[PDB]
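*Asks:* Contents of entry21.pdb (PDB, C-alpha atoms) are given next:
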```pdb
ATOM      1  CA  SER A   8     107.802 119.958  92.387  1.00  0.00           C
ATOM      2  CA  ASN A   9     107.298 120.806  96.058  1.00  0.00           C
ATOM      3  CA  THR A  10     103.687 119.680  95.785  1.00  0.00           C
ATOM      4  CA  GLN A  11     104.965 116.507  94.125  1.00  0.00           C
ATOM      5  CA  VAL A  12     107.370 115.751  96.960  1.00  0.00           C
ATOM      6  CA  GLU A  13     104.815 116.716  99.587  1.00  0.00           C
ATOM      7  CA  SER A  14     102.150 114.496  97.989  1.00  0.00           C
ATOM      8  CA  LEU A  15     104.518 111.501  97.978  1.00  0.00           C
ATOM      9  CA  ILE A  16     105.413 112.220 101.580  1.00  0.00           C
ATOM     10  CA  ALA A  17     101.793 112.543 102.666  1.00  0.00           C
ATOM     11  CA  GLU A  18     100.896 109.306 100.924  1.00  0.00           C
ATOM     12  CA  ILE A  19     103.724 107.469 102.656  1.00  0.00           C
ATOM     13  CA  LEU A  20     102.880 109.017 106.016  1.00  0.00           C
ATOM     14  CA  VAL A  21      99.246 107.971 105.729  1.00  0.00           C
ATOM     15  CA  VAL A  22     100.430 104.403 105.127  1.00  0.00           C
ATOM     16  CA  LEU A  23     102.266 104.543 108.457  1.00  0.00           C
ATOM     17  CA  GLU A  24      99.329 106.257 110.173  1.00  0.00           C
ATOM     18  CA  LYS A  25      96.830 103.692 108.851  1.00  0.00           C
ATOM     19  CA  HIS A  26      98.851 100.911 110.510  1.00  0.00           C
ATOM     20  CA  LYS A  27      99.240 103.042 113.645  1.00  0.00           C
ATOM     21  CA  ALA A  28     102.771 101.754 113.302  1.00  0.00           C
ATOM     22  CA  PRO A  29     105.085 102.696 116.219  1.00  0.00           C
ATOM     23  CA  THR A  30     107.995 105.058 115.613  1.00  0.00           C
ATOM     24  CA  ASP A  31     110.612 102.266 115.667  1.00  0.00           C
ATOM     25  CA  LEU A  32     108.539 100.207 113.226  1.00  0.00           C
ATOM     26  CA  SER A  33     108.071 103.213 110.945  1.00  0.00           C
ATOM     27  CA  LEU A  34     111.802 103.923 110.883  1.00  0.00           C
ATOM     28  CA  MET A  35     112.611 100.286 110.208  1.00  0.00           C
ATOM     29  CA  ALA A  36     110.182 100.198 107.286  1.00  0.00           C
ATOM     30  CA  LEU A  37     111.407 103.541 105.937  1.00  0.00           C
ATOM     31  CA  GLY A  38     115.012 102.435 106.255  1.00  0.00           C
ATOM     32  CA  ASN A  39     114.281  99.211 104.412  1.00  0.00           C
ATOM     33  CA  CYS A  40     112.626 101.203 101.650  1.00  0.00           C
ATOM     34  CA  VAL A  41     115.812 103.269 101.193  1.00  0.00           C
ATOM     35  CA  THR A  42     117.911 100.098 101.291  1.00  0.00           C
ATOM     36  CA  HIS A  43     115.592  98.479  98.720  1.00  0.00           C
ATOM     37  CA  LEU A  44     115.863 101.467  96.366  1.00  0.00           C
ATOM     38  CA  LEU A  45     119.644 101.719  96.636  1.00  0.00           C
ATOM     39  CA  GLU A  46     120.049  98.020  95.925  1.00  0.00           C
ATOM     40  CA  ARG A  47     117.616  98.144  93.017  1.00  0.00           C
ATOM     41  CA  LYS A  48     118.481 101.476  91.399  1.00  0.00           C
ATOM     42  CA  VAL A  49     121.974 102.502  92.475  1.00  0.00           C
ATOM     43  CA  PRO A  50     125.152 100.853  91.126  1.00  0.00           C
ATOM     44  CA  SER A  51     126.815  98.670  93.746  1.00  0.00           C
ATOM     45  CA  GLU A  52     129.874 100.955  93.658  1.00  0.00           C
ATOM     46  CA  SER A  53     127.951 104.101  94.655  1.00  0.00           C
ATOM     47  CA  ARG A  54     125.388 102.523  96.978  1.00  0.00           C
ATOM     48  CA  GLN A  55     127.304 103.145 100.191  1.00  0.00           C
ATOM     49  CA  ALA A  56     128.104 106.692  99.053  1.00  0.00           C
ATOM     50  CA  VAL A  57     124.470 107.487  98.198  1.00  0.00           C
ATOM     51  CA  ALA A  58     123.471 105.904 101.525  1.00  0.00           C
ATOM     52  CA  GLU A  59     125.913 108.188 103.350  1.00  0.00           C
ATOM     53  CA  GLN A  60     124.705 111.319 101.560  1.00  0.00           C
ATOM     54  CA  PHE A  61     121.141 110.327 102.411  1.00  0.00           C
ATOM     55  CA  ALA A  62     122.288 110.042 106.027  1.00  0.00           C
ATOM     56  CA  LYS A  63     124.089 113.393 106.042  1.00  0.00           C
ATOM     57  CA  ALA A  64     121.021 115.065 104.556  1.00  0.00           C
ATOM     58  CA  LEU A  65     118.863 113.419 107.174  1.00  0.00           C
ATOM     59  CA  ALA A  66     121.209 114.506 109.980  1.00  0.00           C
ATOM     60  CA  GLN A  67     121.421 118.064 108.653  1.00  0.00           C
ATOM     61  CA  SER A  68     117.677 118.140 108.192  1.00  0.00           C
ATOM     62  CA  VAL A  69     117.051 117.093 111.797  1.00  0.00           C
ATOM     63  CA  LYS A  70     119.681 119.488 113.123  1.00  0.00           C
ATOM     64  CA  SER A  71     118.324 122.518 111.289  1.00  0.00           C
ATOM     65  CA  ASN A  72     114.803 121.521 112.319  1.00  0.00           C
ATOM     66  CA  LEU A  73     116.176 122.063 115.817  1.00  0.00           C
ATOM     67  CA  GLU A  74     115.945 125.808 115.194  1.00  0.00           C
TER      68      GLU A  74
ATOM     69  CA  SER B   8     106.405  90.761 112.919  1.00  0.00           C
ATOM     70  CA  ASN B   9     108.501  90.221 109.794  1.00  0.00           C
ATOM     71  CA  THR B  10     105.320  90.033 107.737  1.00  0.00           C
ATOM     72  CA  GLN B  11     104.206  93.238 109.454  1.00  0.00           C
ATOM     73  CA  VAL B  12     107.396  95.077 108.538  1.00  0.00           C
ATOM     74  CA  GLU B  13     107.411  93.621 105.039  1.00  0.00           C
ATOM     75  CA  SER B  14     103.769  94.621 104.474  1.00  0.00           C
ATOM     76  CA  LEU B  15     104.492  98.213 105.545  1.00  0.00           C
ATOM     77  CA  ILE B  16     107.526  98.255 103.292  1.00  0.00           C
ATOM     78  CA  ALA B  17     105.632  96.865 100.313  1.00  0.00           C
ATOM     79  CA  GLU B  18     102.857  99.392 100.797  1.00  0.00           C
ATOM     80  CA  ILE B  19     105.340 102.256 100.886  1.00  0.00           C
ATOM     81  CA  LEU B  20     107.236 100.911  97.887  1.00  0.00           C
ATOM     82  CA  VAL B  21     104.057 100.640  95.836  1.00  0.00           C
ATOM     83  CA  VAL B  22     103.371 104.304  96.610  1.00  0.00           C
ATOM     84  CA  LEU B  23     106.738 105.170  95.065  1.00  0.00           C
ATOM     85  CA  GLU B  24     106.183 102.781  92.150  1.00  0.00           C
ATOM     86  CA  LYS B  25     102.710 104.192  91.424  1.00  0.00           C
ATOM     87  CA  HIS B  26     104.244 107.660  90.984  1.00  0.00           C
ATOM     88  CA  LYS B  27     107.104 106.157  88.964  1.00  0.00           C
ATOM     89  CA  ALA B  28     109.052 108.504  91.186  1.00  0.00           C
ATOM     90  CA  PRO B  29     112.792 108.734  90.346  1.00  0.00           C
ATOM     91  CA  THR B  30     115.353 107.429  92.829  1.00  0.00           C
ATOM     92  CA  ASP B  31     116.363 110.923  94.019  1.00  0.00           C
ATOM     93  CA  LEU B  32     112.709 111.874  94.495  1.00  0.00           C
ATOM     94  CA  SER B  33     112.017 108.644  96.378  1.00  0.00           C
ATOM     95  CA  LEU B  34     114.948 109.222  98.725  1.00  0.00           C
ATOM     96  CA  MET B  35     113.920 112.817  99.326  1.00  0.00           C
ATOM     97  CA  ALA B  36     110.379 111.750 100.200  1.00  0.00           C
ATOM     98  CA  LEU B  37     111.593 108.879 102.385  1.00  0.00           C
ATOM     99  CA  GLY B  38     114.049 111.157 104.147  1.00  0.00           C
ATOM    100  CA  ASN B  39     111.340 113.715 104.809  1.00  0.00           C
ATOM    101  CA  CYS B  40     109.155 110.981 106.255  1.00  0.00           C
ATOM    102  CA  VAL B  41     111.907 110.064 108.748  1.00  0.00           C
ATOM    103  CA  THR B  42     112.438 113.744 109.553  1.00  0.00           C
ATOM    104  CA  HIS B  43     108.673 114.186 110.037  1.00  0.00           C
ATOM    105  CA  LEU B  44     108.474 111.211 112.414  1.00  0.00           C
ATOM    106  CA  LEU B  45     111.484 112.273 114.475  1.00  0.00           C
ATOM    107  CA  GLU B  46     110.119 115.786 114.856  1.00  0.00           C
ATOM    108  CA  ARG B  47     106.654 114.522 115.741  1.00  0.00           C
ATOM    109  CA  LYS B  48     107.441 111.509 117.925  1.00  0.00           C
ATOM    110  CA  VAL B  49     110.979 111.843 119.261  1.00  0.00           C
ATOM    111  CA  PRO B  50     111.951 114.294 122.034  1.00  0.00           C
ATOM    112  CA  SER B  51     113.992 117.194 120.685  1.00  0.00           C
ATOM    113  CA  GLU B  52     116.943 116.071 122.834  1.00  0.00           C
ATOM    114  CA  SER B  53     117.182 112.599 121.259  1.00  0.00           C
ATOM    115  CA  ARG B  54     116.158 113.484 117.706  1.00  0.00           C
ATOM    116  CA  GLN B  55     119.677 113.912 116.357  1.00  0.00           C
ATOM    117  CA  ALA B  56     120.773 110.733 118.146  1.00  0.00           C
ATOM    118  CA  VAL B  57     117.873 108.674 116.760  1.00  0.00           C
ATOM    119  CA  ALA B  58     118.589 110.202 113.335  1.00  0.00           C
ATOM    120  CA  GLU B  59     122.224 109.092 113.595  1.00  0.00           C
ATOM    121  CA  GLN B  60     121.326 105.555 114.662  1.00  0.00           C
ATOM    122  CA  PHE B  61     118.891 105.386 111.754  1.00  0.00           C
ATOM    123  CA  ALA B  62     121.783 106.452 109.523  1.00  0.00           C
ATOM    124  CA  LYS B  63     124.231 103.924 110.966  1.00  0.00           C
ATOM    125  CA  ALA B  64     121.664 101.161 110.519  1.00  0.00           C
ATOM    126  CA  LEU B  65     121.089 102.280 106.964  1.00  0.00           C
ATOM    127  CA  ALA B  66     124.836 102.370 106.248  1.00  0.00           C
ATOM    128  CA  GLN B  67     125.394  98.961 107.839  1.00  0.00           C
ATOM    129  CA  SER B  68     122.407  97.584 105.991  1.00  0.00           C
ATOM    130  CA  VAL B  69     123.740  98.767 102.628  1.00  0.00           C
ATOM    131  CA  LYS B  70     127.254  97.560 103.410  1.00  0.00           C
ATOM    132  CA  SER B  71     126.186  94.061 104.412  1.00  0.00           C
ATOM    133  CA  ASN B  72     123.888  93.933 101.385  1.00  0.00           C
ATOM    134  CA  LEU B  73     127.151  94.288  99.478  1.00  0.00           C
ATOM    135  CA  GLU B  74     127.867  90.636 100.268  1.00  0.00           C
TER     136      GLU B  74
END
```
Spell out the structure here as structure tokens.

*Replies:*
Amino acid sequence: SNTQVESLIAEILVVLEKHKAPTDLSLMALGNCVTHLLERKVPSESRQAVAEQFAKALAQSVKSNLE
Amino acid sequence: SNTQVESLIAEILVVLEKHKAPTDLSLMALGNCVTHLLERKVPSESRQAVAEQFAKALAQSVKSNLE
């Protein structure tokens, strides 16, 4: 499964690299992708909650990476 | 610029769609992409802060989308 996640990640990263897209642009696109998914696959009532858990995970991820 | 953002977004979304990747898997990959970018292009001292602003934007985005 790790190889599955990693492959998805690599594929998405290459997309950003191919466009030589700036950091801010990359984040904006990535954020919109999350927003798109939540709106299209998460019930309106849980959307904010899933968004917040995504955010917490991101924050924790970044923090720990600061090790 | 909107077409530029939208094109990036579409390209990333197609990547997820091609894998028929589940929502949770998509989020995990997307989150890792943000983490990757922050670690590779944002100074260690601002990383958490940029991560939090990304999160706020995401949260606000989702909220407003609930209109």

*Asks:* Just need chain A moved onto chain B: least-squares over all Cα atoms matched in order, then output as a PDB file with C-alpha atoms, in the coordinates of the input.

*Replies:*
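Result file selection20.pdb:
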```pdb
ATOM      1  CA  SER A   8     106.405  90.762 112.919  1.00  0.00           C
ATOM      2  CA  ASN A   9     108.501  90.221 109.794  1.00  0.00           C
ATOM      3  CA  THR A  10     105.320  90.034 107.737  1.00  0.00           C
ATOM      4  CA  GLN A  11     104.206  93.239 109.454  1.00  0.00           C
ATOM      5  CA  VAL A  12     107.396  95.077 108.538  1.00  0.00           C
ATOM      6  CA  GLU A  13     107.411  93.620 105.040  1.00  0.00           C
ATOM      7  CA  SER A  14     103.769  94.621 104.474  1.00  0.00           C
ATOM      8  CA  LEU A  15     104.492  98.214 105.545  1.00  0.00           C
ATOM      9  CA  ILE A  16     107.527  98.254 103.291  1.00  0.00           C
ATOM     10  CA  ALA A  17     105.632  96.865 100.314  1.00  0.00           C
ATOM     11  CA  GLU A  18     102.857  99.392 100.796  1.00  0.00           C
ATOM     12  CA  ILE A  19     105.339 102.256 100.886  1.00  0.00           C
ATOM     13  CA  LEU A  20     107.236 100.911  97.887  1.00  0.00           C
ATOM     14  CA  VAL A  21     104.057 100.640  95.837  1.00  0.00           C
ATOM     15  CA  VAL A  22     103.371 104.304  96.610  1.00  0.00           C
ATOM     16  CA  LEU A  23     106.739 105.170  95.065  1.00  0.00           C
ATOM     17  CA  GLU A  24     106.183 102.781  92.151  1.00  0.00           C
ATOM     18  CA  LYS A  25     102.711 104.191  91.424  1.00  0.00           C
ATOM     19  CA  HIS A  26     104.244 107.660  90.984  1.00  0.00           C
ATOM     20  CA  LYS A  27     107.104 106.157  88.964  1.00  0.00           C
ATOM     21  CA  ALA A  28     109.052 108.504  91.186  1.00  0.00           C
ATOM     22  CA  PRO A  29     112.793 108.733  90.346  1.00  0.00           C
ATOM     23  CA  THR A  30     115.352 107.429  92.828  1.00  0.00           C
ATOM     24  CA  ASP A  31     116.364 110.923  94.019  1.00  0.00           C
ATOM     25  CA  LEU A  32     112.708 111.874  94.495  1.00  0.00           C
ATOM     26  CA  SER A  33     112.017 108.644  96.379  1.00  0.00           C
ATOM     27  CA  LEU A  34     114.948 109.222  98.726  1.00  0.00           C
ATOM     28  CA  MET A  35     113.921 112.817  99.326  1.00  0.00           C
ATOM     29  CA  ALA A  36     110.379 111.750 100.200  1.00  0.00           C
ATOM     30  CA  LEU A  37     111.593 108.879 102.385  1.00  0.00           C
ATOM     31  CA  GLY A  38     114.049 111.157 104.146  1.00  0.00           C
ATOM     32  CA  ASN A  39     111.340 113.716 104.809  1.00  0.00           C
ATOM     33  CA  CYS A  40     109.156 110.981 106.254  1.00  0.00           C
ATOM     34  CA  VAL A  41     111.907 110.063 108.748  1.00  0.00           C
ATOM     35  CA  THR A  42     112.438 113.743 109.552  1.00  0.00           C
ATOM     36  CA  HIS A  43     108.673 114.186 110.036  1.00  0.00           C
ATOM     37  CA  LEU A  44     108.473 111.211 112.415  1.00  0.00           C
ATOM     38  CA  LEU A  45     111.484 112.273 114.474  1.00  0.00           C
ATOM     39  CA  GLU A  46     110.119 115.786 114.856  1.00  0.00           C
ATOM     40  CA  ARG A  47     106.654 114.522 115.741  1.00  0.00           C
ATOM     41  CA  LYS A  48     107.441 111.509 117.926  1.00  0.00           C
ATOM     42  CA  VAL A  49     110.979 111.843 119.262  1.00  0.00           C
ATOM     43  CA  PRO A  50     111.951 114.294 122.034  1.00  0.00           C
ATOM     44  CA  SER A  51     113.992 117.194 120.685  1.00  0.00           C
ATOM     45  CA  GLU A  52     116.943 116.071 122.834  1.00  0.00           C
ATOM     46  CA  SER A  53     117.182 112.599 121.259  1.00  0.00           C
ATOM     47  CA  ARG A  54     116.158 113.483 117.706  1.00  0.00           C
ATOM     48  CA  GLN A  55     119.676 113.912 116.357  1.00  0.00           C
ATOM     49  CA  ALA A  56     120.773 110.732 118.146  1.00  0.00           C
ATOM     50  CA  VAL A  57     117.873 108.674 116.760  1.00  0.00           C
ATOM     51  CA  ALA A  58     118.589 110.202 113.335  1.00  0.00           C
ATOM     52  CA  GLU A  59     122.224 109.093 113.595  1.00  0.00           C
ATOM     53  CA  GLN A  60     121.325 105.555 114.662  1.00  0.00           C
ATOM     54  CA  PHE A  61     118.891 105.387 111.754  1.00  0.00           C
ATOM     55  CA  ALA A  62     121.783 106.453 109.523  1.00  0.00           C
ATOM     56  CA  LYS A  63     124.231 103.923 110.966  1.00  0.00           C
ATOM     57  CA  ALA A  64     121.664 101.162 110.519  1.00  0.00           C
ATOM     58  CA  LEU A  65     121.089 102.279 106.963  1.00  0.00           C
ATOM     59  CA  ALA A  66     124.836 102.370 106.247  1.00  0.00           C
ATOM     60  CA  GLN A  67     125.394  98.961 107.839  1.00  0.00           C
ATOM     61  CA  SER A  68     122.407  97.584 105.991  1.00  0.00           C
ATOM     62  CA  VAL A  69     123.740  98.767 102.628  1.00  0.00           C
ATOM     63  CA  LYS A  70     127.253  97.560 103.410  1.00  0.00           C
ATOM     64  CA  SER A  71     126.186  94.061 104.412  1.00  0.00           C
ATOM     65  CA  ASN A  72     123.888  93.933 101.386  1.00  0.00           C
ATOM     66  CA  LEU A  73     127.152  94.288  99.478  1.00  0.00           C
ATOM     67  CA  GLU A  74     127.867  90.636 100.267  1.00  0.00           C
TER      68      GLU A  74
END
```

*Asks:* With all atoms listed in the file as the atoms that count, which of B:28, B:71, B:62, B:57 lies nearest to chain A?

*Replies:*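 Among the listed residues, the smallest separation from chain A belongs to B:62.
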
*Asks:* When the PyMOL selection byres ((chain A) within 6 of (chain B)) is applied to the file above, which residues end up in the set, as a PyMOL selection string?

*Replies:* chain A and resi 12+16+19+36+62
